>>> print(open('start20.json').read())   # JSON, C-alpha atoms
[["chain", "number", "residue", "atom", "x", "y", "z"],
["A", 1, "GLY", "CA", 111.59, -9.11, -42.28],
["A", 2, "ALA", "CA", 108.97, -10.18, -39.74],
["A", 3, "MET", "CA", 108.29, -7.96, -36.72],
["A", 4, "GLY", "CA", 106.29, -8.08, -33.50],
["A", 5, "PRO", "CA", 106.86, -10.99, -31.05],
["A", 6, "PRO", "CA", 104.05, -13.51, -30.27],
["A", 7, "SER", "CA", 101.78, -12.97, -27.26],
["A", 8, "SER", "CA", 101.91, -15.97, -24.92],
["A", 9, "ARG", "CA", 104.25, -15.72, -21.93],
["A", 10, "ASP", "CA", 103.82, -11.95, -21.67],
["A", 11, "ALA", "CA", 100.07, -12.10, -22.32],
["A", 12, "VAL", "CA", 97.48, -13.78, -20.09],
["A", 13, "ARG", "CA", 94.40, -15.98, -20.53],
["A", 14, "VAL", "CA", 90.79, -14.79, -20.15],
["A", 15, "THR", "CA", 87.68, -16.97, -19.89],
["A", 16, "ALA", "CA", 84.85, -14.99, -18.27],
["A", 17, "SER", "CA", 81.76, -17.20, -17.97],
["A", 18, "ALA", "CA", 78.55, -15.49, -16.85],
["A", 19, "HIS", "CA", 74.94, -15.64, -18.06],
["A", 20, "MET", "CA", 71.77, -13.76, -17.10],
["A", 21, "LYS", "CA", 69.51, -15.58, -14.63],
["A", 22, "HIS", "CA", 65.94, -15.11, -13.39],
["A", 23, "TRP", "CA", 65.96, -14.07, -9.73],
["A", 24, "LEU", "CA", 62.78, -11.94, -9.58],
["A", 25, "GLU", "CA", 60.68, -15.11, -9.45],
["A", 26, "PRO", "CA", 62.59, -17.03, -6.69],
["A", 27, "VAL", "CA", 63.52, -13.87, -4.76],
["A", 28, "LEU", "CA", 59.86, -13.06, -4.06],
["A", 29, "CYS", "CA", 58.94, -16.70, -3.34],
["A", 30, "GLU", "CA", 61.97, -18.90, -2.58],
["A", 31, "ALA", "CA", 63.91, -16.07, -0.92],
["A", 32, "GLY", "CA", 60.92, -14.05, 0.27],
["A", 33, "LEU", "CA", 62.93, -10.82, 0.39],
["A", 34, "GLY", "CA", 61.34, -7.88, 2.18],
["A", 35, "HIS", "CA", 62.57, -4.96, 4.28],
["A", 36, "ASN", "CA", 66.11, -5.98, 5.29],
["A", 37, "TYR", "CA", 67.66, -8.49, 2.88],
["A", 38, "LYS", "CA", 70.94, -8.88, 0.98],
["A", 39, "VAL", "CA", 71.59, -11.23, -1.96],
["A", 40, "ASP", "CA", 74.05, -11.48, -4.88],
["A", 41, "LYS", "CA", 72.56, -11.37, -8.38],
["A", 42, "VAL", "CA", 73.10, -9.82, -11.82],
["A", 43, "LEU", "CA", 71.18, -6.81, -13.15],
["A", 44, "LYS", "CA", 71.19, -5.04, -16.53],
["A", 45, "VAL", "CA", 70.34, -1.38, -17.15],
["A", 46, "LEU", "CA", 68.91, -0.13, -20.46],
["A", 47, "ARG", "CA", 68.34, 3.59, -19.76],
["A", 48, "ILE", "CA", 70.22, 6.19, -17.70],
["A", 49, "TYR", "CA", 69.54, 9.92, -17.27],
["A", 50, "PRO", "CA", 72.76, 11.75, -16.20],
["A", 51, "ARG", "CA", 72.41, 14.82, -13.95],
["A", 52, "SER", "CA", 74.36, 18.02, -13.25],
["A", 53, "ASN", "CA", 75.59, 16.44, -9.99],
["A", 54, "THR", "CA", 78.45, 14.88, -11.97],
["A", 55, "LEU", "CA", 78.49, 11.82, -9.69],
["A", 56, "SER", "CA", 78.34, 9.37, -12.62],
["A", 57, "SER", "CA", 75.30, 7.78, -10.97],
["A", 58, "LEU", "CA", 71.65, 8.86, -11.03],
["A", 59, "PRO", "CA", 68.06, 7.47, -11.29],
["A", 60, "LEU", "CA", 68.05, 4.95, -14.15],
["A", 61, "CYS", "CA", 65.73, 2.38, -15.74],
["A", 62, "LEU", "CA", 66.78, -1.27, -15.81],
["A", 63, "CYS", "CA", 65.22, -4.49, -17.11],
["A", 64, "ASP", "CA", 65.64, -7.80, -15.28],
["A", 65, "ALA", "CA", 65.10, -11.35, -16.55],
["A", 66, "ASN", "CA", 61.42, -11.57, -15.55],
["A", 67, "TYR", "CA", 60.46, -7.88, -15.44],
["A", 68, "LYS", "CA", 61.84, -4.34, -15.66],
["A", 69, "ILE", "CA", 61.82, -2.11, -12.57],
["A", 70, "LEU", "CA", 63.12, 1.33, -11.60],
["A", 71, "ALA", "CA", 66.10, 1.65, -9.26],
["A", 72, "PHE", "CA", 68.60, 4.21, -7.98],
["A", 73, "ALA", "CA", 72.05, 3.86, -6.42],
["A", 74, "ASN", "CA", 72.97, 5.42, -3.07],
["A", 75, "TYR", "CA", 76.01, 7.71, -2.76],
["A", 76, "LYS", "CA", 77.83, 4.97, -0.83],
["A", 77, "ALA", "CA", 77.33, 2.74, -3.85],
["A", 78, "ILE", "CA", 78.16, 5.60, -6.23],
["A", 79, "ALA", "CA", 81.48, 6.43, -4.56],
["A", 80, "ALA", "CA", 82.41, 2.73, -4.66],
["A", 81, "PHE", "CA", 82.67, 2.41, -8.45],
["A", 82, "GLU", "CA", 84.58, 5.71, -8.51],
["A", 83, "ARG", "CA", 87.22, 4.34, -6.12],
["A", 84, "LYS", "CA", 87.58, 0.94, -7.81],
["A", 85, "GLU", "CA", 87.30, 2.10, -11.45],
["A", 86, "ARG", "CA", 87.73, 5.90, -11.19],
["A", 87, "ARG", "CA", 85.46, 6.20, -14.24],
["A", 88, "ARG", "CA", 81.83, 6.85, -15.18],
["A", 89, "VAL", "CA", 79.89, 3.67, -14.46],
["A", 90, "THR", "CA", 76.55, 4.82, -15.92],
["A", 91, "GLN", "CA", 78.21, 4.91, -19.35],
["A", 92, "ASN", "CA", 78.96, 1.27, -20.26],
["A", 93, "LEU", "CA", 79.77, -0.32, -16.87],
["A", 94, "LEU", "CA", 76.13, -0.47, -15.75],
["A", 95, "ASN", "CA", 74.94, -1.72, -19.15],
["A", 96, "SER", "CA", 77.17, -4.80, -18.86],
["A", 97, "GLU", "CA", 76.37, -6.50, -15.53],
["A", 98, "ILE", "CA", 76.16, -5.44, -11.88],
["A", 99, "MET", "CA", 76.22, -7.39, -8.62],
["A", 100, "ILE", "CA", 74.25, -5.65, -5.88],
["A", 101, "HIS", "CA", 75.52, -6.54, -2.40],
["A", 102, "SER", "CA", 72.54, -4.91, -0.68],
["A", 103, "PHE", "CA", 69.16, -3.53, -1.75],
["A", 104, "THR", "CA", 65.83, -2.51, -0.19],
["A", 105, "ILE", "CA", 62.29, -2.62, -1.61],
["A", 106, "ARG", "CA", 60.41, 0.65, -2.12],
["A", 107, "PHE", "CA", 57.04, 1.68, -3.54],
["A", 108, "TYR", "CA", 56.71, 4.42, -6.16],
["A", 109, "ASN", "CA", 53.73, 6.32, -7.57],
["A", 110, "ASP", "CA", 53.02, 8.10, -10.87],
["A", 111, "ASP", "CA", 54.42, 11.37, -9.49],
["A", 112, "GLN", "CA", 57.52, 9.70, -8.04],
["A", 113, "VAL", "CA", 58.51, 8.01, -11.32],
["A", 114, "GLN", "CA", 57.86, 11.28, -13.17],
["A", 115, "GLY", "CA", 60.57, 13.10, -11.24],
["A", 116, "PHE", "CA", 62.73, 9.97, -11.15],
["A", 117, "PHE", "CA", 63.01, 10.03, -14.96],
["A", 118, "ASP", "CA", 62.85, 12.67, -17.70],
["A", 119, "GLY", "CA", 59.09, 12.10, -17.87],
["A", 120, "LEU", "CA", 58.21, 8.41, -18.02],
["A", 121, "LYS", "CA", 54.48, 7.83, -17.44],
["A", 122, "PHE", "CA", 53.36, 4.54, -15.88],
["A", 123, "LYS", "CA", 49.70, 3.50, -16.01],
["A", 124, "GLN", "CA", 48.42, 1.61, -12.96],
["A", 125, "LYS", "CA", 44.86, 1.34, -14.35],
["A", 126, "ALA", "CA", 43.33, 3.77, -11.83],
["A", 127, "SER", "CA", 45.00, 3.18, -8.46],
["A", 128, "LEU", "CA", 45.24, 5.23, -5.26],
["A", 129, "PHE", "CA", 48.14, 3.26, -3.76],
["A", 130, "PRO", "CA", 51.62, 2.87, -5.33],
["A", 131, "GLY", "CA", 51.98, -0.22, -7.51],
["A", 132, "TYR", "CA", 55.57, 0.21, -8.65],
["A", 133, "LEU", "CA", 58.47, -1.78, -7.19],
["A", 134, "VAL", "CA", 61.70, 0.22, -6.91],
["A", 135, "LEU", "CA", 65.01, -1.10, -5.58],
["A", 136, "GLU", "CA", 67.83, 0.78, -3.88],
["A", 137, "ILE", "CA", 71.53, 0.19, -4.58],
["A", 138, "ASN", "CA", 73.45, 0.81, -1.36],
["A", 139, "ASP", "CA", 76.54, -1.01, -2.62],
["A", 140, "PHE", "CA", 77.17, -2.74, -5.94],
["A", 141, "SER", "CA", 80.10, -4.01, -8.02],
["A", 142, "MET", "CA", 81.05, -4.98, -11.57],
["A", 143, "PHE", "CA", 80.18, -8.67, -11.95],
["A", 144, "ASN", "CA", 80.83, -9.29, -15.66],
["A", 145, "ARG", "CA", 83.67, -7.43, -17.39],
["A", 146, "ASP", "CA", 82.26, -8.10, -20.87],
["A", 147, "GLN", "CA", 79.75, -5.63, -22.32],
["A", 148, "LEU", "CA", 76.32, -7.10, -23.11],
["A", 149, "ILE", "CA", 72.83, -5.65, -23.53],
["A", 150, "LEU", "CA", 69.47, -7.20, -22.62],
["A", 151, "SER", "CA", 68.07, -7.66, -26.12],
["A", 152, "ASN", "CA", 65.39, -9.92, -24.61],
["A", 153, "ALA", "CA", 63.99, -7.00, -22.59],
["A", 154, "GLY", "CA", 61.41, -6.37, -25.32],
["A", 155, "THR", "CA", 59.78, -9.78, -24.85],
["A", 156, "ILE", "CA", 59.84, -9.35, -21.07],
["A", 157, "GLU", "CA", 56.56, -8.34, -19.42],
["A", 158, "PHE", "CA", 55.88, -5.49, -16.99],
["A", 159, "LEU", "CA", 55.38, -5.75, -13.22],
["A", 160, "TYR", "CA", 52.56, -3.17, -13.31],
["A", 161, "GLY", "CA", 50.08, -5.94, -14.11],
["A", 162, "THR", "CA", 51.73, -8.76, -12.16],
["A", 163, "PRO", "CA", 49.12, -9.97, -9.58],
["A", 164, "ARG", "CA", 51.92, -11.49, -7.49],
["A", 165, "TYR", "CA", 53.88, -8.25, -7.04],
["A", 166, "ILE", "CA", 50.71, -6.29, -6.31],
["A", 167, "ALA", "CA", 49.26, -8.93, -3.97],
["A", 168, "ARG", "CA", 52.53, -9.49, -2.08],
["A", 169, "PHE", "CA", 53.10, -5.77, -1.34],
["A", 170, "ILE", "CA", 49.72, -4.04, -1.83],
["A", 171, "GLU", "CA", 47.10, -6.64, -0.84],
["A", 172, "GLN", "CA", 49.03, -7.09, 2.44],
["A", 173, "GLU", "CA", 47.43, -3.93, 3.85],
["A", 174, "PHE", "CA", 45.07, -1.33, 2.36],
["A", 175, "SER", "CA", 42.46, -0.36, 4.97],
["A", 176, "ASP", "CA", 43.46, 1.73, 7.99],
["A", 177, "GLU", "CA", 41.08, -0.20, 10.25],
["A", 178, "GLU", "CA", 40.85, 2.80, 12.59]]
>>> encode(input="start20.json", output="structure tokens")
Amino acid sequence: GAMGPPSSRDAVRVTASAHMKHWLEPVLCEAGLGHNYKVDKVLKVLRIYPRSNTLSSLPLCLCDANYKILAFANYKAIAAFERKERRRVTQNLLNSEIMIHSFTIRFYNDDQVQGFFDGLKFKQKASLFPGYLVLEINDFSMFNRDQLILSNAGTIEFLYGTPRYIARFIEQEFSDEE
């Protein structure tokens, strides 16, 4: 007395082929992104601190392929996931993979990151100017449906000591010259 028909004609086929790639290196050199730039890449988030706003999107910590930076999504980007998925993205949607359509570079200091997170303290080794690279998510979308975590984030280094990041954004101008 067998029961339950086979799943073939009624069911569909799923492949899903996507792997993490290093864009932090080429983006700052090959792409030379700066003030106004827009590229498509994958990003993984490891920590999120929900707020009373109940927008399902707030300042969170993410780790890329080469380094881990701090970033926050704009309301325009926040409302997007709500319309397309009508669910909390910060839960498991962000952890999987995200494709940012547009993003802008921003500098953050010890005080800025403090308020940005529950109380994460970043050491810049005695610095007056901001040495933290923070991105902005104006509009993003779910790239990979599958849920995966960046287990290689531990081996990844920090941008706080990267001479390239500091030289490209800080060494550009320091003295007022006036």
>>> atom_distance(input="start20.json", atom1="CA of residue 118 in chain A", atom2="CA of residue 147 in chain A")
25.3 Å
>>> closest_residue(input="start20.json", among="A:159, A:61, A:43, A:55", to="residue 123 in chain A", atoms="all atoms listed in the file")
A:159
>>> closest_residue(input="start20.json", among="A:126, A:71, A:58, A:142", to="residue 99 in chain A", atoms="only C-alpha atoms")
A:142
>>> residues_around(input="start20.json", residues="residue 136 in chain A", least_positions_apart="5", cutoff="8 Å", atoms="only C-alpha atoms", output="PyMOL selection string")
chain A and resi 71-74+103-106
>>> write_last_selection(input="start20.json", atoms="C-alpha atoms", output="CSV table (one decimal), in the frame of the given file")
chain,number,residue,atom,x,y,z
A,71,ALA,CA,66.1,1.6,-9.3
A,72,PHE,CA,68.6,4.2,-8.0
A,73,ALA,CA,72.0,3.9,-6.4
A,74,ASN,CA,73.0,5.4,-3.1
A,103,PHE,CA,69.2,-3.5,-1.8
A,104,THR,CA,65.8,-2.5,-0.2
A,105,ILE,CA,62.3,-2.6,-1.6
A,106,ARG,CA,60.4,0.6,-2.1
>>> closest_residue(input="start20.json", among="A:133, A:78, A:62, A:20", to="residue 161 in chain A", atoms="all atoms listed in the file")
A:133
>>> atom_distance(input="start20.json", atom1="CA of residue 37 in chain A", atom2="CA of residue 139 in chain A")
12.8 Å
>>> atom_distance(input="start20.json", atom1="CA of residue 27 in chain A", atom2="CA of residue 137 in chain A")
16.2 Å
>>> residues_around(input="start20.json", residues="residue 120 in chain A", least_positions_apart="5", cutoff="12 Å", atoms="only C-alpha atoms", output="CSV table (one decimal) with C-alpha atoms, keeping the file's coordinate frame")
chain,number,residue,atom,x,y,z
A,47,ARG,CA,68.3,3.6,-19.8
A,49,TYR,CA,69.5,9.9,-17.3
A,59,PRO,CA,68.1,7.5,-11.3
A,60,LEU,CA,68.0,5.0,-14.2
A,61,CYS,CA,65.7,2.4,-15.7
A,70,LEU,CA,63.1,1.3,-11.6
A,109,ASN,CA,53.7,6.3,-7.6
A,110,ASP,CA,53.0,8.1,-10.9
A,111,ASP,CA,54.4,11.4,-9.5
A,112,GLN,CA,57.5,9.7,-8.0
A,113,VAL,CA,58.5,8.0,-11.3
A,114,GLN,CA,57.9,11.3,-13.2
A,115,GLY,CA,60.6,13.1,-11.2
>>> closest_residue(input="start20.json", among="A:153, A:148, A:80, A:33", to="residue 63 in chain A", atoms="only C-alpha atoms")
A:153
>>> residues_around(input="start20.json", residues="residue 39 in chain A", least_positions_apart="3", cutoff="8 Å", atoms="all atoms listed in the file", output="PyMOL selection string")
chain A and resi 100-102
>>> write_last_selection(input="start20.json", atoms="C-alpha atoms", output="CSV table (one decimal), keeping the file's coordinate frame")
chain,number,residue,atom,x,y,z
A,100,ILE,CA,74.2,-5.6,-5.9
A,101,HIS,CA,75.5,-6.5,-2.4
A,102,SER,CA,72.5,-4.9,-0.7
>>> closest_residue(input="start20.json", among="A:65, A:167, A:3, A:11", to="residue 26 in chain A", atoms="all atoms listed in the file")
A:65
>>> closest_residue(input="start20.json", among="A:173, A:64, A:85, A:25", to="residue 46 in chain A", atoms="all atoms listed in the file")
A:64
>>> residues_around(input="start20.json", residues="residue 67 in chain A", least_positions_apart="6", cutoff="10 Å", atoms="only C-alpha atoms", output="list in words")
residues 22, 24, 25, 153, 155, 156, 157, 158, 159, 160 and 162 of chain A
>>> write_last_selection(input="start20.json", atoms="C-alpha atoms", output="tab-separated table (two decimals), in the coordinates of the input")
chain	number	residue	atom	x	y	z
A	22	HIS	CA	65.94	-15.11	-13.39
A	24	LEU	CA	62.78	-11.94	-9.58
A	25	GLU	CA	60.68	-15.11	-9.45
A	153	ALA	CA	63.99	-7.00	-22.59
A	155	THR	CA	59.78	-9.78	-24.85
A	156	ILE	CA	59.84	-9.35	-21.07
A	157	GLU	CA	56.56	-8.34	-19.42
A	158	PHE	CA	55.88	-5.49	-16.99
A	159	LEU	CA	55.38	-5.75	-13.22
A	160	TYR	CA	52.56	-3.17	-13.31
A	162	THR	CA	51.73	-8.76	-12.16
>>> residues_around(input="start20.json", residues="residue 164 in chain A", least_positions_apart="5", cutoff="10 Å", atoms="all atoms listed in the file", output="PyMOL selection string")
chain A and resi 25+28-29+159+169-171
